[PDB]
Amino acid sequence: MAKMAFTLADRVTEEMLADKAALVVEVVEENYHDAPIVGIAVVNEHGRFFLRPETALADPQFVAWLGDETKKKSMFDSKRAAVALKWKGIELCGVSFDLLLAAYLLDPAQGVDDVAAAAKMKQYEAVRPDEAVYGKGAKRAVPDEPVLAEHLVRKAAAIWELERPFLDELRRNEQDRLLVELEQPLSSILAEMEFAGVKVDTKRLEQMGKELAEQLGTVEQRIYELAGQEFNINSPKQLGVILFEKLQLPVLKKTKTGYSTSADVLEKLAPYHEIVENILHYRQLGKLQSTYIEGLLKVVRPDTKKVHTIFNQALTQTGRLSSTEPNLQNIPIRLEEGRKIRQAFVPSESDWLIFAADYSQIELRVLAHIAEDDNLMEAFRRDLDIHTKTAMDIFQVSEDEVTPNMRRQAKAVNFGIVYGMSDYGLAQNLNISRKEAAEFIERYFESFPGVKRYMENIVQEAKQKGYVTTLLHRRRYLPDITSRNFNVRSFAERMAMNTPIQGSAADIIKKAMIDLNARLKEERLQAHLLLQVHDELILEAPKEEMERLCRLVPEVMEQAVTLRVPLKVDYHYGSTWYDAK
């Protein structure tokens, strides 16, 4: 009666197939793609059951219950179960409550990664953290059946008990529809995207691998010639001894252990010595090689030549997705050498093409909407180039008098407003003075007084309410907004300024993903989502569908919500992700 009672079941019975249940389909491998299911727990009105998966998943009655939309299941991290079951050809339906997503909407700062941490939010402690049962990292093991089954039954019993109070609190926060109509349906869409995966041209990556390895070997040798000795170019310390001690280059910035060797600093040092540009080029090549070529080839499935990312839907403090193993949300684009990596991401079938649609300036259009700044809203109703226009306003010039440097500076100020940075932050970002950065910000606020009002009002609202919200009622708690430490307080103020913009942008693209999946099914298109990259959706479709996607994808993305400004989506397609430009 400190132990939890359950049937360790040999076969599946009708009692286990009630039309409401807490279900655990446990996948212990962090990467759940084609991973084993180690055990199953069901808690329902009839009691508590553990089933061995070779039993339950081979039983036609259990499989049909899993697939029955009208048999409602409460889970934690239903996507993990959904995907592991997809790899076994088994459909999971009727998941009406996901505790991971419920806890994430109530408070993203909790970092709820297991049932125990979700349960601790409601004073429920009759369940162990996964880490205590499985261990961590290397020592990490499925334990023997009696320990495993008791753990899964306790997770299920916790889920069974916590559904009601999580749903009550979401309802009080007006997040009930954010759970049921946004995050849960998106969960199933991410499952499909992860499972379908993205085809890679591994031969192209291998060949890029070879060219890079030769170029690195060249640039390595040059570096040791200019330094007149061998060292580890990747040692943050050994590089600092070569640059600042042997060659005696000026120290323009320190960090902690010693000297900054960031690309910011190295660029300023290039004139002093021919070693610096070689070091910068070497780092560029080395990044492509380590992170992108070798990293990608490590996780490609040799049988299909696909990568299967995992979108973490319950991690970011703003409501964005993250992407792991591999991260397909940070593939190079800015420098042409890196951008060529995208030539290796190809359609998964013959005569298919990659279709990429991205929102134009979604953060600043969202800012124009929430601030109701008359001038910024007008700028977007004219579809002006927003950086050119901010330049005309802050420097008091006509369009024709805006220089490339003015535009670059106006662009950085636009980012500085969205990130809520201080004079210091903008000065650091622009390599200018603080008094200067403050004149820019003051002039911006004179051109956009509604944005100034919004920035002041949202800091005061975070202080008064304890949190800030997005368009679709996502929340972030900011307790540090009342700290008497200036740096901790200022960081909370920037989050109060930024989170509604970045979070509202995340809300809109998630709704567009839901609306777009429904429209593709209605339209009988084979086109499907592969990736989301924050303000961008990537699909693949038969070439015969491109003409329809050119009208449908932007339309659905533009109409996902109605703001006081239009939403604008650009779109391109081609043979590879690279060519979808």
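Residue indices: 1-based, along the sequence shown.
Report the stretch with the higher mean CA temperature factor, choosing between 393 to 401 and 240 to 248 on the basis of the entry.
The deposited B-factors put 240 to 248 ahead on the C-alpha mean.
Mean CA B-factor: is it higher for 419 to 427 or for 195 to 203?
Mean B over CA atoms: larger for 419 to 427.
If you compare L539, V38, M513, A58, which has the highest Cα B-factor in the entry?
Most elevated C-alpha B-factor of the set, per the entry: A58.
If I read the C-alpha B-factors straight from the PDB entry, which of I509, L216, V95, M495 is highest?
Out of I509, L216, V95, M495, the record gives the largest C-alpha B-factor to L216.
Looking at the temperature factor on the CA atom of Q464, which third of the chain's modelled residues does it land in?
Tercile = middle for this residue's CA B-factor.
Grab the CA temperature factor for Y224 from the record and place it in the lowest, middle or highest third of its chain.
It belongs to the highest third of the chain when residues are ordered by C-alpha B-factor.
Going by the CA temperature factor in the PDB record, which third of the chain does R407 belong to: lowest, middle or highest?
Middle third, going by the recorded CA B-factors of the chain.
Place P479 in the lowest, middle or highest third of its chain's C-alpha B-factors, as listed in the PDB entry.
CA B-factor rank for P479: middle third.
According to the PDB entry, is the CA B factor of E544 in the bottom, middle or top third of its chain, that is, lowest, middle or highest?
Ranked within chain, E544 CA B lands in the middle tercile.
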